[PDB]
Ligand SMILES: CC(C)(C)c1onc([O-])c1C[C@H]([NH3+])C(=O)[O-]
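A single chain, nothing else alongside it, follows as structure tokens in the form solved without the named molecule.
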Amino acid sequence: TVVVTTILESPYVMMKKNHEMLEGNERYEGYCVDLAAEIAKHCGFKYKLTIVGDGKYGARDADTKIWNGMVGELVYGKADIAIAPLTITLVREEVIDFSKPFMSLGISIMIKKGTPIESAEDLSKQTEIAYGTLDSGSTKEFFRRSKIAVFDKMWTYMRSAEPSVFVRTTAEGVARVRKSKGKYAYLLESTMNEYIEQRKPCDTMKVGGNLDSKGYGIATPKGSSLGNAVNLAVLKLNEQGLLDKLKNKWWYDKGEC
């Protein structure tokens, strides 16, 4: 039985309230739960859905040289495959294999409805409305390393802004937009932005084009017997229009706005 590691992140994987009365993969619901089923069916394997032990995605601690999250669970043999909103990156790709992307995404802007901002350039041009990113991670690093004039102006502002514009968690950045009366705009992944845009109170809005391009891929260890088949299944699902049906289902058909 293939051990699938994944993470509790809405709308990808969610516990079904009455989960104790249920068993196996039946305790979970979400985009990645439906995805796991399509992939297992098309790869010819039976599987068990497990939630990553430390609730993390996958990062190598520079001091201990130890991978945490779903990446660590693959690299240390705790799970066979990771089917979750796991971004395809160069550091992760050096220790594990990724399938072709099953979903695209990129840095975007979240505003509370009514704030006069339509782009990153609009943000870069003013001071009334504060803006920031998660306190540690790719989005913060993106701005820190950017050579693009607008994104550099944005970095010069954010690193020195007081009170701090950086937030400890994604939930805080979202709550901060909602509670700041339009004086705070949040920089996060487009997938999370558009998901929140379809959740009550329906007071948030995604604006502007994406600042970069990333993708979530399915992960397997180097030399995995699963690697080849899962990659072909991802391509086949996209071509049959299934990934789009799946995203629409979990983001819009189940929308509240």
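Numbering starts at 1 and runs along the sequence shown. Between two forms, the rigid core is defined as the largest C-alpha subset superposing within 1.5 Å.
A second form of this protein, the form deposited with the named molecule bound, is not displayed here; the remarks below concern that form.
For a residue to qualify, one of its non-hydrogen atoms must sit within 4.5 Å of the named molecule in the bound PDB entry; none of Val2, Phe45 and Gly227 qualifies. The shortest heavy atom separation between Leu188 and the named molecule in the bound PDB entry is within 4.5 Å. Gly72 falls outside the set of residues with a heavy atom inside 4.5 Å of the named molecule in the bound PDB entry. Mapping the unseen interface onto this chain, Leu86 counts among the residues with a heavy atom inside 4.5 Å of the named molecule in the bound PDB entry. Contact between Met192 and the named molecule in the bound PDB entry is found at the 4.5 Å heavy atom cutoff.
Residues from 1 to 34 that approach the named molecule in the bound PDB entry with a non-hydrogen atom within 4.5 Å are limited to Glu9. After superposing the rigid core, the C-alpha of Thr220 moves by less than 2 Å between this form and the one not shown. Once the rigid core is used as the reference frame, the Cα position of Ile88 differs between this form and the one not shown by less than 2 Å. Once both forms are fitted on their rigid core, the CA atom of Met154 lies 2 Å or more apart between this form and the one not shown.
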